[PDB]
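First, one chain by itself in structure tokens, the form deposited in one PDB entry.
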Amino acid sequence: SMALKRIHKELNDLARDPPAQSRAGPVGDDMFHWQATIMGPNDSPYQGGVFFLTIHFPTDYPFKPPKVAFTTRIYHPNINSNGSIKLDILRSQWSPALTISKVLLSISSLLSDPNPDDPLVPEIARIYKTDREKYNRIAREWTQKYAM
């Protein structure tokens, strides 16, 4: 009752105003389960690639954050092989003033701005924090073999 109405309203605005380099929408008649496309950040090694994501809306939405996960494999210090994204705004820095289009654009901003000091996959963090040149090469190969 209380949550589906926002998902309805977000969807209408998404149709009339398609976001900047990002497409999303529900699967079938499941309004709490969406898919999403994400474009590559312009300077980052993921540039030009398209990344798929699963999103699940909790029943408490928008008071609790939506569960967002990558399905395309991506090489990133804060995104593991299971597609998980540990991101503060998806956990405790969550605000109900964030729509999906702005959540998705926040994720693309994370790709252009990794954080190795507080990592999720520390193996990827060390490679970044010692020679970003070799990190950018690997991340570029991952985004070209899965997301092009």
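Only the largest set of C-alpha atoms that superpose within 1.5 Å between the two forms is called the rigid core. We number the residues from 1 along the sequence you see.
Colleague: Would 102-110 or 39-47 have the larger average of its C-alpha temperature factors, as given in the entry?
Modeller: The stretch with the larger mean CA B-factor is 39-47.
Colleague: Highest mean C-alpha temperature factor of the two stretches 123-131 and 7-15, which is it?
Modeller: Comparing 7-15 with 123-131, the higher average CA B-factor belongs to 123-131.
Colleague: Where does residue 138 sit by CA temperature factor within its chain: lowest, middle or highest third?
Modeller: Within its chain, residue 138 is a middle-third residue by C-alpha B-factor, going by the deposited values.
Colleague: Can you work out whether the C-alpha temperature factor of residue 118 puts it in the lowest, middle or highest third of the chain?
Modeller: Its C-alpha B-factor, which the entry lists for residue 118, ranks in the highest third among residues of this chain.
Colleague: Can you tell me which third, lowest, middle or highest, the CA B-factor of residue 29 falls into for its chain?
Modeller: Its C-alpha B-factor belongs to the middle third of this chain's values.
Colleague: Using the temperature factors of the C-alpha atoms in this entry, rank residue 91 within its chain: lowest, middle or highest third.
Modeller: Answer is highest: the recorded C-alpha B-factor places it there.
If you look for the form deposited in another entry, you will not find it shown, but the lines that follow are about it.
Colleague: Is residue 134 one of the residues whose Cα moves 2 Å or more between this form and the one not shown, with the core superposed?
Modeller: Superposed on the core, residue 134 moves its C-alpha less than 2 Å between this form and the one not shown.
Colleague: Cα of residue 25 displaced 2 Å or more between this form and the one not shown, core superposed?
Modeller: No.
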